[PDB]
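Chains as they are written, first to last, in the deposited numbering: chain A, 71 to 145; chain B, 70 to 139.
Below, the structure written as structure tokens:
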């Protein structure tokens, strides 16, 4: 009777857990890619933050000391 | 096979595990939307920072050259 309906629902519920579990493993794998890429992108920035500051600082000094040359020369 | 009661019990368990699992899924999926956007933020920051550091290095280099020359 309605027993069979219940057995159908029960079996139906189980297969949706299986499917939700495939989907879960999928996203899970995606997240590991993103975590790995994000952490590397962040290291890239910091390395670029450093190097940019070093170069710009290196440019600022030579510009400054040139203004000291031109002044000293025409003074 | 098994009594009508046993099916009822197992269906009961099955719907509890399911609600539980459905909770872990939506949140890892939320975590998937956040990481993706963050990832896109990082790529845009690395884009702009290169752009900004690139434009400054040149202009400071045009300065120093222009000064050395004249």
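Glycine included, each C-beta is placed from N, C-alpha and C at the ideal position.
Where does the unbroken alpha helix (DSSP H) through residue i begin, and where does it stop?
i, result
"residue 70 of chain B", "Per DSSP, residue 70 of chain B belongs to no alpha helix (DSSP H) and is neither H nor E."
Mapping the DSSP letters down to three states, classify residue i as helix, strand or coil.
i, result
"residue 139 of chain B", "coil"
Might you give, ordered along the chain, the residues of its own chain that have their beta carbon closer than 6 Å to the beta carbon of residue i, omitting 5 neighbours on each side?
i, result
"residue 74 of chain B", "none"
Residue i and residue j look like a contact to me (Cβ under 8 Å); what is the Cβ gap, rounded to whole Å?
i, j, result
"residue 95 of chain A", "residue 130 of chain B", "Going by Cβ atoms, the distance from residue 95 of chain A to residue 130 of chain B rounds to 52 Å, so no, they are not a contact pair."
"residue 90 of chain B", "residue 85 of chain A", "Residue 90 of chain B to residue 85 of chain A, Cβ: 13 Å. No contact."
"residue 125 of chain A", "residue 133 of chain B", "The pair is not a contact, with the Cβ atoms about 12 Å apart (cut-off 8 Å)."
By Cβ distance, which residues of its chain are closer than 7 Å to residue i, with the 5 residues on each side in sequence left out?
i, result
"residue 101 of chain A", "none"
Does the ligand MG have a heavy atom nearer than 8 Å to the CB of residue i?
i, result
"residue 113 of chain B", "Looking at this structure, you won't find the ligand MG or any other ligand, since it has none at all."
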